[PDB]
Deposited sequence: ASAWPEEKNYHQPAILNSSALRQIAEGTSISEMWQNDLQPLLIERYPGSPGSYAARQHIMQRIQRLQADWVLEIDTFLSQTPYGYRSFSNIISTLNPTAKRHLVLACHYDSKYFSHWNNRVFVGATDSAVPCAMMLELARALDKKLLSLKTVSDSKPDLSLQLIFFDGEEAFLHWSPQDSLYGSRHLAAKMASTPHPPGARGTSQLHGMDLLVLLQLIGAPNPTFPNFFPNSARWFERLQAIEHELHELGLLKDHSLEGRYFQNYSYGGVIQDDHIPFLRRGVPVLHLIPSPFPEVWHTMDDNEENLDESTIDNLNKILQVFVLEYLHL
């Protein structure tokens, strides 16, 4: 009986030096991300809408133009909703599908349904268009390094559909895509041909980004079994800061603060956490002031903060993968 699913417990990062850190900082472009990945997502995209379809096409297109060998899968299913049966489509983007272990980054690409109000449309800029754009920018910025993966560990990105409740949150009205994907991966043998391990045993760590893009975010350390990874984000932020690689940033107002949070926050990670998957939940506490209002738009996004977080995340990913 192989003990490979236990490898994640001991996996250590391969830390980048100063020179490598300046390279990562210089290799990501907040303006390119803004125009090529984010703006096309700032549209009404609740499940089943024409916008949902457009969002999904945009995401698959931006991934397909890259050199790395991404394998795209659309996981489509039906679920009961307050409005009756509906169709949903998760987008899964994987490097090295038969690779036993994967570091997983995720966000939801749907936008909460709201009828038009005084000609205003809800586009959920921080929730979660920016997290989506950040994942695409990461795939783009690290493309050359990720191409080299073509430790049986690789990378996977998941864009969940239907994270939002159609009405207000309830156990049955919310997290449609993730409750579905979690159960699916929990009952899918992995790697192919395996006798007793599933795709969930292969998830080294689930890094879920939500509500990112507002000013002064503060991310607490939610789980003891991922606490050492939270610490790495703290170390990275601190070193990028000391090297002068972040913009309009101070240690007093650092994003990753030494402090926990006992309460449960409902999000796409829940269905995975309840099946034993380690989670690093990158959601700030408190939530952006514009949370679930028509003001969660482009105008209220803090550009340098997103840029800083892009650098932190890309470094975290390269260190995890030893790239």
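Colleague: Do you know which deposited regions have no coordinates at all?
Modeller: Missing CA coords only at 151-156.
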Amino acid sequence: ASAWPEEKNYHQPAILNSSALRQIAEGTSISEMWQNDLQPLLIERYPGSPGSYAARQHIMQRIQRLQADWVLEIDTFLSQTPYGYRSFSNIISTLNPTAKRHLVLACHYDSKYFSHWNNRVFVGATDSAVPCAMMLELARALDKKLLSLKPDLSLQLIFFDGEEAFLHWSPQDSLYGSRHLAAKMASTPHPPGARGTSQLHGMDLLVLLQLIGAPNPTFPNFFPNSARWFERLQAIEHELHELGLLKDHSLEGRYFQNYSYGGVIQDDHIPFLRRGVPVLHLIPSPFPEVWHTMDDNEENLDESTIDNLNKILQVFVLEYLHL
From here on, numbers count along this sequence of modelled residues.
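Colleague: Which has higher Cα B-factors on average according to the PDB entry: 278-286 or 23-31?
Modeller: If you average the C-alpha B-factors of 23-31 and of 278-286, the larger mean comes out for 23-31.
Colleague: So 183-191 or 113-121, which one's hotter by mean CA B-factor in the entry?
Modeller: Per the PDB record, 113-121.
Colleague: Between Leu153, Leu175, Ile158, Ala133, which carries the biggest CA temperature factor in the record?
Modeller: Checking the PDB record, the top C-alpha B-factor among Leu153, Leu175, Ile158, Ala133 is at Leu153.
Colleague: By the recorded C-alpha temperature factor, relative to the other modelled residues in its chain, which third is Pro171 in?
Modeller: Highest third.
Colleague: Split into thirds by Cα B-factor across the chain's modelled residues, where does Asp37 land: lowest, middle or highest?
Modeller: Highest third, going by the recorded CA B-factors of the chain.
Colleague: Taking the C-alpha B-factors as the PDB entry records them, is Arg65 in the lowest, middle or highest third of its chain?
Modeller: Its C-alpha B-factor, which the entry lists for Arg65, ranks in the highest third among residues of this chain.
Colleague: Based on the entry's values, in what third of the chain does the Cα temperature factor of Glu137 lie: lowest, middle or highest?
Modeller: For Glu137, the deposited C-alpha B-factor lands in the middle third.
Colleague: Looking at the entry's B-factor column for C-alpha atoms only, identify whether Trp291 ranks in the lowest, middle or highest third of its chain.
Modeller: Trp291: CA B-factor falls in the lowest third of its chain.
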